[PDB]
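Enquirer: My structure is below; once you've seen it, I'll send some questions.
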Amino acid sequence: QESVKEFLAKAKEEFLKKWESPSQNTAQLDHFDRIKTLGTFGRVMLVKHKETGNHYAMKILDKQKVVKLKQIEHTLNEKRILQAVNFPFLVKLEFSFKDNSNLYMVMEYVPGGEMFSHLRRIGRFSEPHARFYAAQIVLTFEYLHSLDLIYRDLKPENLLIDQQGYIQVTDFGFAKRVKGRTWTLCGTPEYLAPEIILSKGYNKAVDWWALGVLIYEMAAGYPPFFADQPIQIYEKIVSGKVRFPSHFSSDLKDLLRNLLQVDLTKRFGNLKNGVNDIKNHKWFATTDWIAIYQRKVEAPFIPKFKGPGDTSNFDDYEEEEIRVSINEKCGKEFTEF
Ligand SMILES: COC(=O)c1ccc2[nH]c([C@H]3CCNC3)nc2c1
């Protein structure tokens, strides 16, 4: 429909303006009070802005460790993309800056926790619950792919649940602007598409494979390919031999066979009709795509939390210093940050 085409054309226009002229250096560390480590080359810490009182999740990357782990380009991708995107189910970057030691990305805080926590607490999501989340990912990937962005890190740990019960996708550390193919081995083993494992030039079809893994994990409670060693996971993935729980609906199994298609040229999301083969699949027949985008659907689950500074949906980590060297480190490598 023309209304969707015009939406995506405007979305790309607005992305490209920010992409071509990124914001830089929009706060500094002593504008914030450190509250708690929420997850831990990098950590995420809950901080409070000292003037406004607003809460944020501050991702901190050690420049020397980024260089050693060969993640310079990836880190620059992450911040350049995050400051340029705008979509209801993406985390909101409010500030970024750097100092002698670290890179900082300060995002609006999402107190409801990772989807992974809730999935493991409940066991598995019902198909309507899994479908509510999946629809948000389908729309988010339609948006990102229209901007020539691949995401490359879908998994329940990267999907935050907000105060309305909707998703905010976080961690763009592997996201990249790609026209055509790309080649970097990255991702999480359980979620890797076969063509990544086989060191091929691959494209945005790897995100649709990962959506199949996510939907399986949400509806079953565990991922389709797992083993104690990644090499064993990889052998299962490239076989693509998938066993479905008997409680899966026939529509769900049919969608998953088409997302977990080892031949990328036959995989849903990567055919001539693109995302519409997924949106029009029988498993999504009850989904009101517009209502999801507009956040008008009542969510199946609202996280329990007491206020915008509550950390009870995240877990406990050793609290370490945020050290800033007296000397500048790796200044040249991160000039554009
Ligand atoms: C807006 O962002 C936040 O509120 C936020 C909170 C906790 C987080 N934990 C992580 C790690 C663990 C999963 N992969 C990245 N990202 C987080 C982001």
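Chain A is numbered as in Swiss-Prot; the shown residues are, in order, 13-52, 55-351.
Method reported for this entry: X-ray crystallography, 1.5 Å.
Even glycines carry a Cβ here, placed using N, Cα and C.
Dumping what Swiss-Prot says about this protein:
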MOD_RES   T49  phosphothreonine
MOD_RES   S140  phosphoserine
ACT_SITE  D167  active site, proton acceptor
MOD_RES   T196  phosphothreonine
MOD_RES   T198  phosphothreonine
DOMAIN    299-351  domain 'AGC-kinase C-terminal'
MOD_RES   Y331  phosphotyrosine
MOD_RES   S339  phosphoserine
Enquirer: Report the nearest neighbour of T198 (phosphothreonine) in space among the recorded positions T49, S140, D167, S339, comparing Cα positions.
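Expert: With Cα distances computed to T198 (phosphothreonine), the winner among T49, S140, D167, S339 is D167.
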Enquirer: Just give the helix, strand and coil counts over the domain 'AGC-kinase C-terminal' (299-351), going by DSSP.
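Expert: Residue counts for the domain 'AGC-kinase C-terminal' (299-351) by secondary structure: 5 helix, 0 strand, 48 coil.
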Enquirer: How far is it from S339 (phosphoserine) to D167 (active site, proton acceptor), counting Cα to Cα, in Å?
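Expert: Taking the Cα atoms only, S339 (phosphoserine) lies 31 Å from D167 (active site, proton acceptor).
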Enquirer: Counting Cβ atoms within 10 Å of each candidate's own Cβ, which of the modified residues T49, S140, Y331, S339 comes out highest?
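Expert: The residue with the densest Cβ neighbourhood is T49.
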Enquirer: Using a 10 Å cut-off on Cβ-Cβ distances across all protein chains shown, tell me which of the modified residues (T196, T198) has the largest neighbour count.
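Expert: Result of the Cβ crowding comparison: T196.
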Enquirer: When you rank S140, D167, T196, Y331 by Cα distance to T49 (phosphothreonine), which of the recorded positions ends up on top as the closest?
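Expert: So, spelling it out, the nearest of the recorded positions is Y331.
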Enquirer: Since 2 residues are absent from the deposited coordinates between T52 and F55, report the CA-CA separation in Å as an integer.
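Expert: Between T52 and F55, the Cα atoms are separated by 8 Å.
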Enquirer: Measure from the Cα of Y331 (phosphotyrosine) to the Cα of every one of the recorded positions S140, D167, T196, then give the nearest.
Expert: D167
Enquirer: In which DSSP state, out of helix, strand and coil, do we find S140 (phosphoserine)?
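Expert: Note: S140 (phosphoserine) is coil by DSSP, not helix or strand.
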Enquirer: Quick one: pull the CA-CA distance for the residue listed as 'active site, proton acceptor' versus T196 (phosphothreonine), whole Å only.
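Expert: The residue listed as 'active site, proton acceptor' and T196 (phosphothreonine) have their Cα atoms 15 Å apart.
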Enquirer: Provide the number of Cβ atoms within 10 Å of the Cβ of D167 (active site, proton acceptor), excluding the reference atom itself.
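Expert: Result for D167 (active site, proton acceptor): 20 neighbouring Cβ atoms inside 10 Å.
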